[PDB]
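To keep things clear, I will list the structure first and then write my remarks on it.
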Number of protein chains: 2
Amino acid sequence: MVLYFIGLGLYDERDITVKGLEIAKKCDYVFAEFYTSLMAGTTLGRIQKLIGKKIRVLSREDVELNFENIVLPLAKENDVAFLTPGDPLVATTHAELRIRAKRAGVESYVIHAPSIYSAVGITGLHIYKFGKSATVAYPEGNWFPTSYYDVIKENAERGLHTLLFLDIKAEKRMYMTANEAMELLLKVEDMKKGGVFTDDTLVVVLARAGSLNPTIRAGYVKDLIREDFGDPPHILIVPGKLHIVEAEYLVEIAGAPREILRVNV
Amino acid sequence: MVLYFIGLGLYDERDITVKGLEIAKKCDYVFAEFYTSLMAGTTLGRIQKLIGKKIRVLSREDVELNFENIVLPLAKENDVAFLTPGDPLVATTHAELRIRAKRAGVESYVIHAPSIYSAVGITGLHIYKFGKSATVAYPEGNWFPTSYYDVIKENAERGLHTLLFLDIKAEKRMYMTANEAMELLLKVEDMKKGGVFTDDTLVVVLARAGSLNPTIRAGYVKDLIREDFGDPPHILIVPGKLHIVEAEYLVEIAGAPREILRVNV
Ligand SMILES: Nc1ncnc2c1ncn2[C@@H]1O[C@H](CSCC[C@H](N)C(=O)O)[C@@H](O)[C@H]1O
């Protein structure tokens with residue numbers, strides 16, 4: 001009679017909360033989805049071993065089209081868990097699944113876990129200064145989406161930071177790198193000429209948040225565009241004007257050039 | 001030889017990540033602060049029992065003025081952990097403490113935990129639509145903070161949602177309720193008269209996120225301003241223009257007036 005939405009956290013199998021783990025262990029059935037994002041620091045096998053339960057993976061179609069036929073029927077007479085990378089309901093489509101549960105007469109509860117949305121606090125940038133977020137999508141064919149560029153423009157002009165989720169082909173396990181994102185943004189700038197993203201733009205790259213050894217780098221595009229930030233996933237941030245405290249953290253912790261203390265504050 | 005900043009999560013001792021727990025259990029010394037937020041579902045005793053270590057609680061003064069005198073000295077010859085509610089670097093000034101650690105020759109690591117900043121996803125509002133955040137602080141003496149009002153105005157004009165952290169005075173055991181926040185906002189409105197926050201404004205309240213049964217309510221200020229949302233902590237949200245699916249969730253899950261389903265495109 002109960003469905004638990006349980007977050008797996010940021011990177012590996014230990015990023016689930018103690019609450020989420022103990023609840024998952026007591027569930028009769030455990031499902032999981034890895035299409036909204038991936039858990040790059042672990043494997044399905046390691047997650048399964050930790051929980052001690054067989055984990056049935058669901059595709060985007062399984063969920064978006066058949067959640068009420070695959071998961072809810074079992075949740076009617078058993079305790080069922082639905083695992084998702086990060087924090088449940090951060091992904092925009094997740095929330096509606098709770099309405100489906102209600103419609104089916106199934107109680108649902110949410111067990112939170114760390115999300116990249118909040119983990120970016122490790123960049124030293126004040127969380128309150130982050131504005132609207134956006135996703136950099138790979139262009140393809142004759143389709144060249146650029147809405148993320150406008151998001152940076154609107155946030156930056158108001159002195160706010162912009163969190164940029166990078167494209168991911170979950171099924172193929174292909175991650176867009178911060179380098180590719182920077183190249184794309186420079187390409188968009190060359191087309192819109194808005195003066196929003198150039199070689200002189202200060203950016204911050206956060207790779208493998210959740211890991212004990214994440215890569216946190218800050219610097220100008222001209223210097224970071226060909227830099228190796230390590231294995232995925234990568235997150236790109238275009239900060240707005242910096243509070244001196246944010247700048248000092250970027251210099252001392254993220255290796256930012258001293259120049260940001262006089263140019264970006 | 002190291003200092004760990006470990007988050008404890010949203011509500012109770014089990015909101016800590018497995019990673020955080022396994023590391024905390026092996027540390028030589030464990031310190032913590034409980035003034036940046038309120039974990040309403042646990043006690044120091046329960047946290048100590050879970051981690052299996054004595055926890056030395058520090059006051060805001062101990063941390064802000066003497067972190068380098070109380071904590072860092074031990075981290076030079078021992079494995080030390082510094083625990084905090086939620087995520088250690090979200091809506092706190094703890095990031096700067098990493099700079100102090102560095103200057104002291106102490107390597108530091110960060111272990112994330114569920115944060116209210118991302119837990120708001122449980123309101124059904126799209127996380128990417130949240131703009132700049134703000135804090136509603138208690139007025140004191142002849143000083144009446146009003147900056148949060150301008151944040152709402154700025155976000156709303158852009159169609160973005162506004163997350164409002166509520167004030168906390170841990171030593172006095174005072175936790176601002178969503179009701180008190182709404183009352184303060186109505187007073188600022190009468191002063192600035194910007195038509196930003198009135199009796200007809202739609203708001204969302206999230207109380208005790210992290211618990212299994214948090215209070216999630218949406219409605220007009222005139223109706224919710226005197227409603228009992230249960231024990232603290234509380235957070236207040238002022239939505240911007242709603243997507244149809246956001247409205248549907250607020251109606252179905254947060255008990256919002258069905259009239260909000262009719263969005264004005
Ligand atoms: N479980 C919870 N439910 C509702 N609001 C919460 C909450 N935990 C924190 N808050 C809100 O956030 C304020 C503390 S701000 C510090 C937040 C913390 N670092 C985190 O990551 O969550 C509180 O005064 C309250 O308004």
Side-chain angles (χ1 to χ4, degrees), chain A residues 7 9-10 17 19 87 90 110-122 125-128 130, chain B residues 5-17 20 32-42 60 63 82-97 110-123 127 130 133-138 148 162-182 184-185 203-217 229-238 254:
Chain A
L10 300 164
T17 63
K19 175 178 293 172
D87 193 13
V90 166
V110 180
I111 309 304
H112 299 281
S115 167
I116 185 61
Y117 185 63
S118 55
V120 290
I122 196 169
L125 295 172
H126 302 323
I127 230 62
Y128 82 93
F130 280 79
Chain B
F5 288 82
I6 307 179
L8 297 180
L10 307 162
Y11 185 70
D12 58 62
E13 76 284 351
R14 295 199 301 165
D15 289 321
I16 186 176
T17 61
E33 61 86 356
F34 291 105
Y35 63 77
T36 56
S37 190
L38 174 66
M39 294 189 72
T42 188
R60 180 181 287 280
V63 179
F82 177 53
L83 314 176
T84 76
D87 179 292
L89 310 177
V90 174
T92 76
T93 53
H94 291 334
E96 180 266 334
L97 297 178
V110 179
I111 308 303
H112 302 283
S115 173
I116 189 61
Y117 184 68
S118 62
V120 291
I122 198 174
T123 62
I127 289 301
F130 279 77
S133 302
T135 297
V136 178
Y138 278 125
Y148 52 81
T162 302
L163 171 63
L164 297 170
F165 291 99
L166 304 189
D167 210 357
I168 173 177
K169 295 294 184 178
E171 281 181 47
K172 301 180 180 178
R173 300 172 72 173
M174 287 183 73
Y175 315 105
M176 182 182 285
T177 63
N179 312 77
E180 298 178 312
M182 288 181 250
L184 290 167
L185 275 161
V203 298
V204 180
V205 177
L206 176 57
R208 302 177 310 290
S211 68
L212 278 296
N213 289 290
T215 294
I216 313 176
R217 289 280 299 114
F229 301 113
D231 294 335
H234 294 183
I235 199 143
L236 179 69
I237 296 170
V238 178

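Worth knowing before you read on, the calculation uses all heavy atoms, side chains too, and leaves out hydrogens, waters and symmetry mates. One-based numbering, in listed order, for ligands and for the atoms of each. The chains referred to below are lettered A, B, ... by the order of the sequence lines, with proteins before strands, and numbering in each begins at 1.
- Checked against side chain to side chain donor-acceptor pair (under 3.5 Å), B/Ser118 has the following partners two or more places apart in sequence or in another chain: A/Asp87.
- Under the rule for a side chain to side chain donor-acceptor pair (under 3.5 Å), the partners of B/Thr42 that lie at least two apart in sequence or sit in another chain are B/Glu13.
- Looking at A/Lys19, its side chain never comes within 3.5 Å of a backbone N or O of B/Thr17 through a donor-acceptor pair.
- You'll find the side chain of A/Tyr117 reaches within 4.5 Å of the side chain of B/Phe130, heavy atoms only.
- Take B/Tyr138 and apply the side chain to side chain donor-acceptor pair (under 3.5 Å) test, not counting sequence neighbours, and it matches B/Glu180.
- Protein residues lining ligand 1, listed by chain and number: B/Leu10, B/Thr36, B/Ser37, B/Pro85, B/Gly86, B/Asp87, B/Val90, B/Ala91, B/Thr92, B/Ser115, B/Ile116, B/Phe165, B/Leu166, B/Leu206, B/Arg208, B/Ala209, B/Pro233, B/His234, B/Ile235 [non-hydrogen atoms, distance under 4.0 Å].
- Ring-plane geometry between B/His94 and B/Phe82 is classed as perpendicular, the angle between the planes exceeding 60 degrees on a 0 to 90 degree scale with a lower cut at 30.
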